[PDB]
Amino acid sequence: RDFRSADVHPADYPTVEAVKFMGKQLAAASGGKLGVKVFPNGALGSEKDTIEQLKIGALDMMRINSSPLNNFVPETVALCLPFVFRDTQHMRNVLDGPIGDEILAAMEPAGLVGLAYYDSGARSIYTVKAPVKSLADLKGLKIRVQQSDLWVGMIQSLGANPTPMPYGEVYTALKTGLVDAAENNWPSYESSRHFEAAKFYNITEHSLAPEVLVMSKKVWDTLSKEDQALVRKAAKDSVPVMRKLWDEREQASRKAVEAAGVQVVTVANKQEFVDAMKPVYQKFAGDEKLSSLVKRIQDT
Ligand SMILES: O=C(O)[C@H]1O[C@H](O)[C@H](O)[C@@H](O)[C@H]1O
């Protein structure tokens with residue numbers, strides 16, 4: 001039995017290679033009983049589409065960002081907040097530990113079973129027309145965001161105007177002037193070709209929202225207890241493999257887009273951004289559940 005697993009990214013991308021590795025491990029560990037087959041390039045739909053398919057049992061697995069789950073699984077908000085993670089190592093400690101496992105389990109009420117997290121670096125704003133040197137340069141800018149209430153709030157808090165849309169629609173939106181900007185990590189900015197539409201990469205590092213690898217709960221529940229354990233272990237084993245590929249890809253991608261003429265822009269005073277964005281903590285992570293998760297993250 002091969003689980004069909006979706007990804008928006010190309011076949012060579014670290015998140016796709018990681019799930020392929022999970023598939024190899026799972027096939028071996030299960031003596032051929034279980035496996036994974038990956039469907040890259042967004043063939044099976046946008047990330048929101050694949051959430052819908054998992055919910056109804058029409059798709060077995062997806063590798064998506066945690067952000068489009070914000071509206072479905074409130075606990076994922078804690079991972080996506082601005083400046084909630086100090087750095088990569090902080091994030092990895094949190095996600096690998098009990099807090100990460102708790103948020104994966106909290107998906108079950110939505111008909112989803114979280115299996116593992118993959119890294120997504122830090123997201124930064126890239127613009128078409130001009131550099132962003134400070135908070136003021138974002139005023140009134142049309143900035144694409146993922147389909148998340150939190151993210152709409154995050155961009156509004158920067159004095160800019162959010163347009164939620166699926167990843168695959170972003171390139172043409174930048175090229176045709178529908179939006180002025182979007183935001184993402186280095187490998188996405190490269191692989192999407194957004195760097196060819198928006199040549200200013202302004203290092204804001206305003207979120208470290210990670211990826212999640214998720215199974216349809218309906219499919220999960222057809223598995224034996226023992227098969228479930230194998231599936232989890234294969235998924236977890238693929239995380240360090242993903243990270244080795246990812247950290248290398250961040251460097252390769254930055255080098256490539258600089259070679260293509262991208263202007264890498266420094267924002268001198270990030271504290272401006274931290275203070276501007278802080279209100280979303282109470283607006284979106286202010287209830288008992290979320291505020292507790294946020295505290296425990298900060299304390300790691
Ligand atoms: O901005 C987006 O939609 C995308 O950002 C990253 O590329 C992430 O890896 C994708 O899963 C998706 O979330």
# chains A, B, ... in the order shown; residues from 1 in each chain; ligands from 1

$ residues_near_ligand --ligand "ligand 1" --cutoff "8 Å" --atoms "only C-alpha atoms and all ligand atoms" --output "PyMOL selection string"
chain A and resi 7-9+15+47+63-68+120+145-146+165-168+183-185+187-189+192+211

$ select_by_dssp --residues "segment 54-244 of chain A" --states "alpha helix (DSSP H)" --output "number ranges by chain"
A: 54-56, 77-80, 88-96, 98-105, 149-157, 170-176, 186-191, 217-220, 225-244

$ write_last_selection --atoms "C-alpha atoms" --output "PDB file, in the first residue's frame"
ATOM      1  CA  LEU A  54      -7.038  14.855   3.454  1.00  0.00           C
ATOM      2  CA  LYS A  55     -10.119  15.811   5.474  1.00  0.00           C
ATOM      3  CA  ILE A  56     -12.441  13.771   3.260  1.00  0.00           C
ATOM      4  CA  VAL A  77      -0.512  29.749  14.972  1.00  0.00           C
ATOM      5  CA  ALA A  78       2.088  29.454  17.747  1.00  0.00           C
ATOM      6  CA  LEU A  79       4.689  28.250  15.261  1.00  0.00           C
ATOM      7  CA  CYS A  80       3.997  30.960  12.688  1.00  0.00           C
ATOM      8  CA  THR A  88      16.956  27.902  13.582  1.00  0.00           C
ATOM      9  CA  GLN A  89      18.379  25.870  16.447  1.00  0.00           C
ATOM     10  CA  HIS A  90      15.713  27.225  18.800  1.00  0.00           C
ATOM     11  CA  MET A  91      13.034  26.161  16.329  1.00  0.00           C
ATOM     12  CA  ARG A  92      14.518  22.701  15.814  1.00  0.00           C
ATOM     13  CA  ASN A  93      14.674  22.106  19.611  1.00  0.00           C
ATOM     14  CA  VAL A  94      11.032  23.088  19.970  1.00  0.00           C
ATOM     15  CA  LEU A  95       9.697  21.131  17.001  1.00  0.00           C
ATOM     16  CA  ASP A  96      11.681  17.979  17.789  1.00  0.00           C
ATOM     17  CA  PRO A  98       7.187  17.628  23.258  1.00  0.00           C
ATOM     18  CA  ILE A  99       5.809  20.972  22.061  1.00  0.00           C
ATOM     19  CA  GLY A 100       6.220  19.882  18.451  1.00  0.00           C
ATOM     20  CA  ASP A 101       4.637  16.497  19.082  1.00  0.00           C
ATOM     21  CA  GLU A 102       1.699  18.130  20.907  1.00  0.00           C
ATOM     22  CA  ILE A 103       0.873  20.442  18.017  1.00  0.00           C
ATOM     23  CA  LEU A 104       1.046  17.527  15.543  1.00  0.00           C
ATOM     24  CA  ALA A 105      -1.423  15.619  17.711  1.00  0.00           C
ATOM     25  CA  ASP A 149      -6.063  34.933   9.178  1.00  0.00           C
ATOM     26  CA  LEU A 150      -2.902  35.407  11.260  1.00  0.00           C
ATOM     27  CA  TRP A 151      -0.846  36.290   8.211  1.00  0.00           C
ATOM     28  CA  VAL A 152      -3.405  38.806   7.024  1.00  0.00           C
ATOM     29  CA  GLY A 153      -3.038  40.312  10.493  1.00  0.00           C
ATOM     30  CA  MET A 154       0.759  40.193  10.401  1.00  0.00           C
ATOM     31  CA  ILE A 155       0.990  42.169   7.175  1.00  0.00           C
ATOM     32  CA  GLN A 156      -1.628  44.697   8.334  1.00  0.00           C
ATOM     33  CA  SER A 157       0.437  45.256  11.476  1.00  0.00           C
ATOM     34  CA  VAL A 170       2.145  34.372  -6.869  1.00  0.00           C
ATOM     35  CA  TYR A 171       4.554  34.581  -9.798  1.00  0.00           C
ATOM     36  CA  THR A 172       2.018  35.941 -12.257  1.00  0.00           C
ATOM     37  CA  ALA A 173       0.583  38.290  -9.563  1.00  0.00           C
ATOM     38  CA  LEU A 174       4.016  39.857  -9.133  1.00  0.00           C
ATOM     39  CA  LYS A 175       4.598  40.032 -12.878  1.00  0.00           C
ATOM     40  CA  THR A 176       1.279  41.655 -13.742  1.00  0.00           C
ATOM     41  CA  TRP A 186      15.641  31.671  -0.043  1.00  0.00           C
ATOM     42  CA  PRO A 187      14.943  28.329  -1.721  1.00  0.00           C
ATOM     43  CA  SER A 188      11.329  29.230  -2.418  1.00  0.00           C
ATOM     44  CA  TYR A 189      12.231  32.671  -3.760  1.00  0.00           C
ATOM     45  CA  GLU A 190      14.603  30.905  -6.157  1.00  0.00           C
ATOM     46  CA  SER A 191      12.630  27.781  -7.152  1.00  0.00           C
ATOM     47  CA  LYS A 217      -6.958  10.785   9.840  1.00  0.00           C
ATOM     48  CA  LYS A 218      -9.403   8.557   7.918  1.00  0.00           C
ATOM     49  CA  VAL A 219      -6.459   6.761   6.274  1.00  0.00           C
ATOM     50  CA  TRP A 220      -4.444   6.678   9.518  1.00  0.00           C
ATOM     51  CA  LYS A 225      -1.154   0.264  15.846  1.00  0.00           C
ATOM     52  CA  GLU A 226       2.127  -1.251  14.683  1.00  0.00           C
ATOM     53  CA  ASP A 227       1.905   0.189  11.167  1.00  0.00           C
ATOM     54  CA  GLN A 228       1.154   3.575  12.692  1.00  0.00           C
ATOM     55  CA  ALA A 229       4.377   3.376  14.726  1.00  0.00           C
ATOM     56  CA  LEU A 230       6.355   2.517  11.585  1.00  0.00           C
ATOM     57  CA  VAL A 231       4.831   5.436   9.716  1.00  0.00           C
ATOM     58  CA  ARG A 232       5.755   7.855  12.491  1.00  0.00           C
ATOM     59  CA  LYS A 233       9.303   6.547  12.763  1.00  0.00           C
ATOM     60  CA  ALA A 234       9.910   6.789   9.028  1.00  0.00           C
ATOM     61  CA  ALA A 235       8.585  10.347   9.059  1.00  0.00           C
ATOM     62  CA  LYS A 236      10.755  11.354  12.027  1.00  0.00           C
ATOM     63  CA  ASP A 237      13.821   9.678  10.500  1.00  0.00           C
ATOM     64  CA  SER A 238      13.384  11.856   7.419  1.00  0.00           C
ATOM     65  CA  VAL A 239      13.680  15.118   9.394  1.00  0.00           C
ATOM     66  CA  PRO A 240      17.468  15.110   9.808  1.00  0.00           C
ATOM     67  CA  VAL A 241      17.805  14.077   6.147  1.00  0.00           C
ATOM     68  CA  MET A 242      15.606  17.003   5.151  1.00  0.00           C
ATOM     69  CA  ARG A 243      17.713  19.390   7.253  1.00  0.00           C
ATOM     70  CA  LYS A 244      21.028  18.337   5.662  1.00  0.00           C
TER      71      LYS A 244
END

$ atom_distance --atom1 "atom CA of residue 269 of chain A" --atom2 "atom CA of residue 130 of chain A"
18.0 Å

$ closest_residue --among "A:75, A:180, A:299, A:60" --to "residue 138 of chain A" --atoms "only C-alpha atoms"
A:180

$ closest_residue --among "A:13, A:39, A:3, A:83" --to "residue 298 of chain A" --atoms "only C-alpha atoms"
A:83

$ closest_residue --among "A:59, A:84, A:38, A:158" --to "residue 291 of chain A" --atoms "only C-alpha atoms"
A:84

$ atom_distance --atom1 "atom CA of residue 132 of chain A" --atom2 "atom CA of residue 209 of chain A"
21.4 Å
